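Cβ coordinates were reconstructed from backbone atoms using ideal geometry, including for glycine residues, and neighbour counts include every protein chain displayed. Please treat every number below as a calculation from the coordinates, not as lab data.
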Amino acid sequence: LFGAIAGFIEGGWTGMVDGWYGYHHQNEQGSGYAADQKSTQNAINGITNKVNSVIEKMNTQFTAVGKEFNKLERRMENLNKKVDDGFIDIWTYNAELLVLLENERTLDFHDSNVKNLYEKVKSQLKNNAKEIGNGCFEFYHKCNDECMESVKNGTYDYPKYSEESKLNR
Amino acid sequence: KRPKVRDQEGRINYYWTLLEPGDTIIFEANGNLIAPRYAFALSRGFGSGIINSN
């Protein structure tokens, strides 16, 4: 719904295992995968709350089932059936539909997060990097592990690299 | 005269009642009485039932 998952980011990463969303960096010191702890933690909190909040709204059944009627109480029996089966139907609906809708929403939720994360990095780099479009940015200045960790941590120092990036751009 | 079941023609109709606490039950009969011998003192609690299983 937001265009991140299966959109401008085609597929997922098998090598990233520590989180749902993350970064893939490649500098002169090497390549590597990292997982965004903050975004994945927020997603975990949200999904746990969703699942549990849904579950506790249906209190567990505490009674029993089973009634017996003789031949002269058929109008009774049908009524009983008409209740029991009826209730089951409602609950079946209330379960199935629920999951369906919830499932869609959950996926959209994840999509949003990825999009949001992407946007954050944009707001950090501005014209210091070039949007390739596959999901990343090519830096206009040399970046080591320190500045990459700053980008992941959200503490990017735009003014420090502004002069060098301007020349190369 | 009724059709035989379990090699018997005459039949016993079984009845029951629930005596409340602090109450009395009176039986009168000049004939045809299968009298009670053992009663049951019911103690009630939710979370029970009857199920059919193998």
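Any idea which residue in the stretch A:125-162 is surrounded by the most Cβ atoms within 10 Å (Cβ to Cβ), counting only those that are over 17 Å from A:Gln26 (Cα atoms) and small (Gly, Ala, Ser)? By that ranking, first place goes to A:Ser162. Residues that are surrounded by 11 or more Cβ atoms within 10 Å (Cβ to Cβ), in contact with a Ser or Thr (Cβ under 9 Å, 6 or more places away or on another chain) and either farther than 28 Å from A:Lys38 by Cβ or touching a residue at least 60 places away in the same chain (Cβ under 8 Å) (or both) occur in the stretch A:90-113; there is at least one.
When the test is whether a residue is within 20 Å of the chain's Cα centre (by Cα), part of a loop (DSSP other than H, G, I, E, B) and away from chain A (no Cβ under 14 Å), B:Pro3 does not pass it. Checking each residue in the stretch A:35-68 for being away from chain B (no Cβ under 14 Å), more than 17 Å from the chain's Cα centre (by Cα) and not polar (S, T, N, Q) picks out A:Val54, A:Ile55, A:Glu56, A:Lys57, A:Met58.
Those helices (runs of 4 or more DSSP H) of the stretch A:37-153 in which at least 1 residues are within 30 Å of A:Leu167 (Cβ to Cβ), considering only elements entirely within it, cover A:74-125, A:145-153. Between a residue in the stretch A:13-27 that is in a strand (DSSP E or B) and any residue that is basic (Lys, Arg), which pairs come within a Cβ distance under 7 Å, given they are 6 or more apart or on different chains? Matching pairs, first to second residue: A:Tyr23/A:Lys152. Selection of first residues in the stretch A:127-141 that are at positive phi and of second residues that are of a type in the set (A, V, I, L, M), restricted to Cβ pairs under 8 Å at least 6 apart or on distinct chains, gives the following pairs, ordered by first then second residue: A:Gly135/A:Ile9.
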